[PDB]
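Encoded as structure tokens, the structure appears first; notes follow it.
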Amino acid sequence: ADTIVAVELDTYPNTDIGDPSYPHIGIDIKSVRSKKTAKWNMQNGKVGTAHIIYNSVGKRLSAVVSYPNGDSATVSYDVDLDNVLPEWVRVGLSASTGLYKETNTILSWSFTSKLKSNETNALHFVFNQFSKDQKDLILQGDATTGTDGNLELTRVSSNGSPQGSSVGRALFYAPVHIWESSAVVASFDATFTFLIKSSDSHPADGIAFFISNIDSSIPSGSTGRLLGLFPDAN
Amino acid sequence: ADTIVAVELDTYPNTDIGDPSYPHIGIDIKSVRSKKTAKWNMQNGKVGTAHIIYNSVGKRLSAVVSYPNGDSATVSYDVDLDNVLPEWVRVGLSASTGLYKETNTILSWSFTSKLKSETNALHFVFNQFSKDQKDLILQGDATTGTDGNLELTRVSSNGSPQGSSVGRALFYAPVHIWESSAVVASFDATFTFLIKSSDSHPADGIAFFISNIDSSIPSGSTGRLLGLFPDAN
Amino acid sequence: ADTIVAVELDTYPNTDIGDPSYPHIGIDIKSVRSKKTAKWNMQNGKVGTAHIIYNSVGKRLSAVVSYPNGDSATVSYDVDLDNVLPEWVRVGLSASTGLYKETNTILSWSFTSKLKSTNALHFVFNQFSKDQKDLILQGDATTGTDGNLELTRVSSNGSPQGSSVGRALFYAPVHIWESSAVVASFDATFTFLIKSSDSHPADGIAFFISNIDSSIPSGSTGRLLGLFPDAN
Amino acid sequence: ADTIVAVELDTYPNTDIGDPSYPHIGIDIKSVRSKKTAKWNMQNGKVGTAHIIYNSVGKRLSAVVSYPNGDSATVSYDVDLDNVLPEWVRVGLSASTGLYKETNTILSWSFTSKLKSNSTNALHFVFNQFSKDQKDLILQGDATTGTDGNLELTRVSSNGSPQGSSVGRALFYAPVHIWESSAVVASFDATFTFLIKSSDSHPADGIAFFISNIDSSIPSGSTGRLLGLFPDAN
Ligand SMILES: CO[C@@H]1O[C@H](CO)[C@@H](O)[C@@H](O[C@H]2O[C@H](CO)[C@@H](O)[C@H](O)[C@@H]2O)[C@@H]1O
Ligand SMILES: CO[C@@H]1O[C@H](CO)[C@@H](O)[C@H](O[C@H]2O[C@H](CO)[C@@H](O)[C@H](O)[C@@H]2O)[C@@H]1O
Ligand SMILES: CO[C@@H]1O[C@H](CO)[C@@H](O)[C@H](O[C@H]2O[C@H](CO)[C@@H](O)[C@H](O)[C@@H]2O)[C@@H]1O
Ligand SMILES: CO[C@@H]1O[C@H](CO)[C@@H](O)[C@H](O[C@H]2O[C@H](CO)[C@@H](O)[C@H](O)[C@@H]2O)[C@@H]1O
Ligand SMILES: [Ca+2]
Ligand SMILES: [Ca+2]
Ligand SMILES: [Ca+2]
Ligand SMILES: [Ca+2]
Ligand SMILES: [Mn+2]
Ligand SMILES: [Mn+2]
Ligand SMILES: [Mn+2]
Ligand SMILES: [Mn+2]
């Protein structure tokens, strides 16, 4: 089974598996049941921004999700990722839909990891436009790149209609060296902008930024509440 | 007085004003009496590296100080800097000596400030300090070099530190460190330093700090006050 | 005199002083009389992007100005800035109007310089505050409250004013070359909105590099772009 | 054959294939015969720095090689890489030895690529320390990394002596999007530091930073003067 650190933007409360009874941002460490959540007012059809911060000094995994009117939700969990994550990982964006559905449109994704000193090893990438054949992204499941310049993690119909029982992920092509014992500071940040839209009063299931073993793949059956991330809801 | 946030590398235990009883790093929030400290083994005449990190999301200001052998000290403090600093600030390095002394040499210094939101950002790096470093406001006893170095406190051309000394270097531009509509207002800073002393103890330390724009060395803030504070409250 | 290096987006053909007979971009080296120009189709009331890059190794100062439709103008000039600029400088944006006028609105501005053997400076403005403390505003510039930098004088339904000159300089001096720098490079990017209902628009926006103490020269409204004392 | 844009630090003059009669930095466009060279004083056993810059506005491919004493050699060639390179590439470092040899030690490598339009897609990586199992590098031929934190492009013997007839390359794992038609600026730069040490009547053959097709492979027989870059000396 893969190892997952994720920040989930969970649009659909699955109260039978420990979701609060509201849409929430969450920090997930090796379980879909978030270690920490914050109530999130998903603004339907608006462009949201998620920013994810971690460094190995503070060891605080933090995420904010904001929309341009100003509504933000933030969540943090102190967690020592040296003890969770393989040294070398892939980083990715994941989304899913189940009985209910939403567009899980990515409009930009940036990522920076650094290992300083003690000098710096670093990876940074930015995608503000996704390309039809995006050679530095590993697309899994239903994830597709436009154009439009967007990354549709899950299936959207010809007529605009998001489809249920969809899951897809984008992972950056290069392995990322997330920690290294000799490093004084290991830090990462990620930001992505997304367009979650539902004509259903029931958007589902959400979007995650995730960190994974290098060979990570969509667990069989991880549509819906499992967010393309987990094989079960344990 | 000034509003001060700082990460002190405090080489001299002033246990009478709250220092722990060893060299230490500490996070100073409007007071020289740190909100959190960690024991710090300062390695005499070694080049050390201090990394300071804040994000507005985590609301946690963290510092690590390390030397090449791997030995490191870390302090974090939970704090919302929106509640502490003014929107606009200067960032700087400060050092002092007192009745005891040490070199407070800065070999490099970087800083990055970002405000989203879109994004405003400032980043500078000094790996070399010119004799005329026009983008630094030197205050008190700093000195720009050669040795290519920034000397926060008085040394002799021949390496020897001086007592009762206080010096700061502030970056020339004001920095917009937070802003009420910023969803992320983060910064980090790193400096490398060489603290050397033949004294009976080393004193007093170097701090990275953030102050109001018009911040000057407060009267009599040599020694334990680290060029930062008007008194020890 | 000030020493000036600039990339002008010159919206008004001053052919008496060597402008080409069309709006143009140019590379200004110690003179308003461009060392190199390219024809520029300014798109009125559109947002444009200027990208300036100087390659210390390549010894080449290059600019593109584009608009969202893909229309671009490009100019490069081969020049060793070690022999032109003083070592310490301020960088900034300058615009002017004269007898004809345009909005000279800056919506964003970024800048990066690096001196390697590495010192660096980078700043990005995507929004300008009404009190933007890290900008030295000169003349009729003017930031906020709409998040924009208004280099010359607009009233207030956005209607441009004539005889206006305004530049904005980053508050910190920049160490733009050094004798012992193996690489002394910079780029700048600014996005702009030039709008006019005049007969022509005038006069243009420049990115400039100048001495630290550089001020708007007396009578540098108009074709002088707030940059130069005369048109030699 | 692969398509190759390289900046070569060529230590050994192969005057029978158009090299000048001195060591040199060269710009190579689809030939080992540099389009532009500059005389280079290789400082044997010193750490050199090479910086390579290009953007699609000036279209000038520039390279400098310097040593701490301040000896530098600069080379530039105007060339439109849109017309040379495939849209998507891998970037790498390559070295070779033939009859004569040298260590071709890489101590750091940074690379940044950006595609800007009207305000970006970007890749940036820095290696200041190469690790024993550096998962984001594709190592080809004799190239090895770490524990000493270096990349040895070509064979160095147990006793420190560089071996002849060696070729190795390191390519960054992810494909790079080097040009894109809708971009108003495409730029890249690369920096690497290196330590070429040789013992006799002797240094060969050089180090190149190169840009190639994604599936670029060491051409058979590309030891020696071909720098691990070219199938032949044409
Ligand atoms: C020698 O120990 C000293 O005690 C003195 C009085 O008992 C007093 O002056 C102390 O302070 C001076 O020196 C230290 C270390 O340099 C500074 O921290 C002080 O601010 C002061 O300058 C010292 O504990
Ligand atoms: C009406 O809500 C649902 O009750 C269903 C009956 O058991 C159940 O299938 C459904 O879950 C499905 O859809 C969810 C929202 O998309 C998703 O989280 C689940 O994994 C599943 O697909 C929900 O409980
Ligand atoms: C009518 O056009 C003008 O011709 C005038 C007579 O020569 C002249 O004064 C005027 O120049 C002014 O306006 C220009 C465009 O705004 C400006 O470039 C000049 O410096 C001057 O202010 C323009 O040529
Ligand atoms: C001593 O000069 C050599 O003459 C040899 C016989 O023709 C020849 O093989 C040799 O070239 C070899 O060594 C070079 C330096 O390493 C290398 O560039 C060649 O590719 C080849 O391996 C050189 O010309
Ligand atoms: Ca859920
Ligand atoms: Ca103390
Ligand atoms: Ca003109
Ligand atoms: Ca050769
Ligand atoms: Mn959840
Ligand atoms: Mn203390
Ligand atoms: Mn002109
Ligand atoms: Mn050659």
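The first residue you see is number 1, and the count goes up from there.
So this one's X-ray crystallography, 2.1 Å, going by the header.
Every residue, even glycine, has its Cβ placed from backbone N, Cα and C.
For the Ca(2+) site, Swiss-Prot gives A:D10, A:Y12, A:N14, A:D19; the one candidate out of A:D205, A:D215, A:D232 that the record lists there too is A:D205.
Within the set of binding-site residues (A:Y12, A:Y100), the lowest number of other Cβ atoms found within 10 Å of a Cβ is recorded at A:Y100. Between A:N118 and A:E119, the deposited structure omits 3 residues, and the straight-line distance between their CA atoms comes to 6 Å.
Closeness to ligand 7 is met by none of the binding-site residues A:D10, A:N14, A:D19, A:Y100, no Cβ falling under 6 Å from the molecule. Here A:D10 (Mn(2+) binding site) comes close to A:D19, A:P23, A:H24, A:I25, A:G26, A:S34, A:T37, A:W40, A:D205, A:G206, A:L227: these same-chain residues lie at least six apart in sequence, with C-beta atoms under 8 angstroms from its C-beta. What surrounds the Ca(2+) site, by Cβ distance within 8 Å of the Cβ centroid and not counting A:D10, A:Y12, A:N14, A:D19, A:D205, is the set A:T11, A:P13, A:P23, A:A204, A:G206, A:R225, A:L227 from the same chain. Here the binding-site residues are A:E8, A:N14, A:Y100, A:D205, A:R225, and none sits under 8 angstroms from chain C, going by CB atoms.
On its own chain, A:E8 (Mn(2+) binding site) has A:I25, A:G26, A:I27, A:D28, A:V32, A:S34, A:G206, A:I207, A:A208, A:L227, A:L229 as residues at least 6 apart in sequence with a Cβ closer than 8 Å to its own Cβ.
Look at the binding-site residues A:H24, A:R225 and count other Cβ atoms within 10 Å of each Cβ; A:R225 has the fewest. For ligand 9, no neighbouring binding-site residues occur among A:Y100, A:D205, A:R225, by Cβ distance under 6 Å. Residues A:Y12, A:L99, A:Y100, A:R225 are listed as the carbohydrate binders, and the farthest two of them sit 10 Å apart at their Cα atoms.
Between the C-alpha atoms of A:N14 (Ca(2+) binding site) and A:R225 (carbohydrate binding site), the distance comes to 7 Å.
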